[PDB]
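Quick setup: one chain, the form deposited in one PDB entry, written in structure tokens, and binding and motion questions come after.
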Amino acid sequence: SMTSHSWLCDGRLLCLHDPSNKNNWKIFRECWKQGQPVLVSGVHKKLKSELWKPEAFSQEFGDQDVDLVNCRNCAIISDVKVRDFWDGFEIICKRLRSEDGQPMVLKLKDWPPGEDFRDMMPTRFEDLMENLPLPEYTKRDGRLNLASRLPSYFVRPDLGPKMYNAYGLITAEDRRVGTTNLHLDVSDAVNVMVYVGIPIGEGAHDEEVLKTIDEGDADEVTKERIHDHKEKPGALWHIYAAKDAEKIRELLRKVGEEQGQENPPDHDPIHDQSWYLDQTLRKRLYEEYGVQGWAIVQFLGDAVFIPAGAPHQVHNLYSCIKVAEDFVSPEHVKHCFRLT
């Protein structure tokens, strides 16, 4: 009952349906050469589901020391146990509370740390790397991944993968906050949604998630994946073409000045990783600068391909475990060159 692919974002986004189809490159490479992001669905069906549960991470690693971020105000919670994060992932009555008694929104910072994923979790590492889509691009030694083949005239990505773990944003005020603020990377990346935790306690929180997707500018086919197929939505992305990055910098310098920030005329608001483009800012970008983006809802098992140089931001709808691998495609190697 499956086709090779379909379109999202009104024809502007390729969606591949079979993550292990040996002919995916033939559809992928034209969209990719044009600087577009790409979605691949179904990767969860390829993985060992018991390796990707929050309860297993808490049991195996719960005594490690970590720092957390309060997503609502960017405050750092220093030197707590990683079980203090995992045990509140889905069960809200266990979640650390603010001084005022609210269940907090928390991101687990840099865990596993640096390049340690493979050493700490060798079985997770194997399960992910063996099941990544477009493997000639995405595997450490794929024929179309230049990462291991480039001289020092190019910025090379760290050894991955990297895990991205954070709770869902909850309230109407939370609609304007990012999980990961607007930034860009000089390498390509593939980001896989390996687990979505839809809570209980303040369970009945479904309604604010629909208003967020709608105001997020999501297309009508993406709204159908909820109501028709009952797939689990993880996170709302906005991605912008690499060619539009300077126009985005101009908007954010004008807004920083309007808000009384005192910045030099050359400072880089995208590198600062301090902005989240809310509905007001995304409309201003379109109307005042002529820039359109891609609004993407990443469901359980969706792999998002983010092109080198493309500004992007992430807003978790529910609690998410994401795992990402950097790579260097020949199509986009210009973005990591250190001259001209």
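We call the rigid core the largest set of C-alpha positions that still match within 1.5 Å between the two forms. All residue numbers are counted from 1 along the displayed sequence.
Between 141-149 and 223-231, the larger root mean square Cα shift in 9 other deposited structures of this protein, once each structure is superposed on the rigid core, falls on 223-231. Across the superposed structures in 9 other deposited structures of this protein, aligned by the core, the stretch whose Cα atoms lie more distant on average is 94-102, chosen from 94-102 and 244-252.
Comparing the deposited coordinates for 48-56 and 26-34, the stretch with the larger average C-alpha B-factor is 48-56.
Relative to one another, 263-271 and 232-240 have unequal mean CA B-factors, and 263-271 is the one with the higher figure.
Note on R97, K107, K81, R149: the highest value goes to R149, judged by CA B factor as recorded. Based on the entry's C-alpha B-factors, the most elevated value among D141, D185, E250, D127 belongs to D141. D10: CA B factor lies in the highest third for its chain, per the PDB record.
In the deposited entry, the Cα temperature factor of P157 places it in the highest third of its chain's modelled residues.
Among the modelled residues of its chain, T280 has a C-alpha B-factor that falls in the highest third, as given in the PDB entry.
When the modelled residues of the chain are ordered by C-alpha B-factor, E287 sits in the highest third. Per-chain ranking of the deposited C-alpha B factor places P133 in the lowest third.
As for the form deposited with a small molecule bound, it is not shown, yet the points below apply to it.
None of 133-141, 250-258, 118-126, 176-184 except one has non-hydrogen atoms within 4.5 angstroms of the small molecule in the entry with it bound; the exception is 176-184.
In the entry with it bound, at least one heavy atom of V314 sits within 4.5 Å of a heavy atom of the small molecule. At the 4.5 Å threshold, heavy atoms of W237 reach the small molecule in the entry with it bound. Using a 4.5 angstroms threshold between heavy atoms, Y164 counts as touching the small molecule in the entry with it bound. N191 belongs to the set of residues with a heavy atom inside 4.5 Å of the small molecule in the entry with it bound.
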